[PDB]
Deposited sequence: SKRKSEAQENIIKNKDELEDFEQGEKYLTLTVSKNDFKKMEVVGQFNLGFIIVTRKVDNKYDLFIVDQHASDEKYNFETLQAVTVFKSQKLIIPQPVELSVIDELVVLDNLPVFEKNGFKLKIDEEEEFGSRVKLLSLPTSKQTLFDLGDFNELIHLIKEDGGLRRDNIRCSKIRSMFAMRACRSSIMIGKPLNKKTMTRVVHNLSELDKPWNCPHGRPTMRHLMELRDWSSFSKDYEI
C-alpha cells in the first residue's frame, strides 16, 4: 500500500513538467524491450528523457477518440416513453444523448431510441446515469454512461498497439505526439500509466579529446 506514493509523485511531476505543446516537441530515441518508447524533451535549457508505454499511451488516444466521435447504435422504440426531472434544461441543451444512442422528442421528455448491444442490456437507469454524469462534468461533449465507457475501454485495449510489437520511428512519433491532443493523458482508461519521467540530462561532460588542442 505505502509503495503507491512513488506512483503518485510521478503523475504529480507530469502535471507540472509536461504541457500539451511539450509532446509535439518530443523526439523518439527508440524502442525499449518491445514495450516502451524512449523520448527526449529539450526545452528551454532543460533536457529530460521520458519513458512511454506503447500500449497504454496508444490506448488513451484511441479511447478518447471513441469517447468524442462515436455515435452509439440505438433501438428505435415501438411506443415512446416519457420521463420527469426538474435538470430538464440539461437534456434540452445537449446532443450528448444522441451520441449515447438516446434520440429524444423535446417536465415533458420523450424517449424515441434506447442504445443497444449484443453483449449488454440498456435501461432508464443508464439515461438517468448520463443525466447525473453531466452534473459532475470541463468538456461535456465527450461524456459517456459507464456501460458505454467500459465497452470503449475494451475496444481501445483490443485495437491498440500490443506490447511485444516492434515499432518504427514513424509509428512511435505519432503515438507520442498524439498525446498533445488530450488533457493530462497520464493514465489509460483502466488507470495504468501511459508515461513517466526517466531522467533529467543536466550536466554530462562527455568525451571531447578529438576537438582539444
Checklist outcome for this item: Deposited-sequence ranges lacking CA coordinates, in order, are 1 to 14, 101 to 103, 124 to 130, 162 to 163
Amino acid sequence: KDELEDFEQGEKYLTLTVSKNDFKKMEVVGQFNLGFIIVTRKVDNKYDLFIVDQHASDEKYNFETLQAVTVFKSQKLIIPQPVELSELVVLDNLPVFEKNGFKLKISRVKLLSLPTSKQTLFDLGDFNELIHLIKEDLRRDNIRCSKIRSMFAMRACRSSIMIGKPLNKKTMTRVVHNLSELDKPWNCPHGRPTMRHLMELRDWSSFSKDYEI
From here on, numbers count along this sequence of modelled residues.
Checklist entry - On average, are the C-alpha B-factors higher in 191 to 199 or in 13 to 21? => result 13 to 21
Checklist entry - Looking only at CA atoms, which has the higher mean B factor in the entry: 155 to 163 or 43 to 51? => result 43 to 51
Item to check | Ranked C-alpha temperature factor of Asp210 among modelled chain residues, by third | outcome: lowest
